[PDB]
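Report on the structure
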Amino acid sequence: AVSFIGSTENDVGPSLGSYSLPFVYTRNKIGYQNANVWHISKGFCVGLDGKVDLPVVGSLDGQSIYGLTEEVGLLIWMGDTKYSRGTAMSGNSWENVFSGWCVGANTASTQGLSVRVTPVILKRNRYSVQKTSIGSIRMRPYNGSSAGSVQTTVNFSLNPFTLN
Ligand SMILES: CC(=O)N[C@@H]1[C@@H](O)[C@H](O)[C@@H](CO)O[C@H]1O
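Below: a short report on this structure.

A short note on the site of the ligand
Around the ligand, the neighbouring residues are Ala-35, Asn-36, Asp-80, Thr-81, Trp-101, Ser-109, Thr-110, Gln-111 and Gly-112. A distance of 2.7 Å separates an oxygen atom of the ligand from a polar side-chain atom of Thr-81. One of the backbone nitrogen or oxygen atoms of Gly-112 is found 2.8 Å away from an oxygen atom of the ligand. Surface burial for the ligand is 61%, taken as the share of its 380 Å² of free accessible area covered by protein chains. Of all the elements in the fold, those that place two or more residues in the shell around the ligand are β5 (31-41) and β12 (108-121). Take the shell around the ligand: its biggest share by element is four residues, from β12. The residue inventory of the shell around the ligand, partitioned by class, reads two nonpolar, six polar and one charged.

Have a look at this one:
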């Protein structure tokens, strides 16, 4: 079985956090993590797809730099719960960010996710960014499992932050 147990709207990073061309700035500080977004059981197989809606203004080592303002951009990761499992995002299409797993035929667990970003200074003049929509992540059932009657997609918004 599968049930949606998380939240539809999720904030990335602590609200109004401060961090000290182009040049990259934050580890896992600017992120959102939730190990329990869906409850799964009895053989349910699930992975995750991710999509970034921000405009791509460039790229660094194979991944897109998404634009926020003239001065600030972002490198973005989406994936399974643990931050080190994040998949570098490029473009604006749905991408496989977690290959997936199957819970035991006679057991239950949960499926989580994480979104992480790192600031990128595009233009220099402190830099402040306001709450901005980043994109979404949708569960990807496989092996015959069904999204059935469950919310498959959740959204992410970047909390306001300041770069010194
Ligand atoms: C409570 C918990 O930690 N649940 C995790 C879940 O967040 C994760 O998405 C999944 C696949 O790695 O493995 C579960 O054990």
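On we go.
Quick notes on the packing of aromatic side chains
Under the criterion given, the structure shown has four aromatic pairs. For the ring pair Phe-23 and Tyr-25, a centre distance of 4.9 Å and an interplane angle of 40° mean the geometry is tilted. In this structure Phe-23 comes out as partly exposed when scored by relative accessible area, which is 35%. Measuring from centroid to centroid gives 5.9 Å for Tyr-32 and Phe-156, while their planes differ by 50°, and the two rings are tilted. With relative accessibility at 16%, the residue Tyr-32 sits in the buried group.

Thresholds, definitions, all that
- Here the residue numbering is sequential from 1 along each chain as its sequence is written and may not follow the entry numbering; residues with no coordinates are omitted from view.
- The side-chain figures draw on all heavy atoms in the structure; neither hydrogens nor water molecules are used.
- Proximity criterion: a residue is near a molecule or strand once any of its heavy atoms comes within 4 Å of it.
- Counting of polar contacts relies on pairs of N or O atoms within 3.5 Å, with two restrictions inside protein: one atom must be capable of donating a hydrogen and the other of accepting it, and residues adjacent in sequence are counted only when both atoms are side-chain atoms.
- Each accessible area value is a Shrake-Rupley result obtained with a 1.4 Å probe; residue values ignore everything except the protein chains displayed when judging cover.
- The numbering of helices and of strands both runs from the N terminus, where a helix is a DSSP run of H or I of at least 4 residues and a strand a run of E of at least 2.
- In this classification, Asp, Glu, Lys and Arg are treated as charged, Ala, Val, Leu, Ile, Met, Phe, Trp, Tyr, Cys and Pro as nonpolar, and every other residue, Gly included, as polar.
- Stacked, tilted and edge-to-face are the three classes assigned to paired rings of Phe, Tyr and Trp, where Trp is represented by its six-membered ring and a pair needs centres within 6.5 Å; plane angles under 30 degrees give stacked, over 60 edge-to-face, the rest tilted.
- Burial classes follow relative accessibility: with a 1.4 Å probe on protein chains only, a residue under 20% of its type's maximum area counts as buried, one over 50% as exposed, and anything between as partly exposed.

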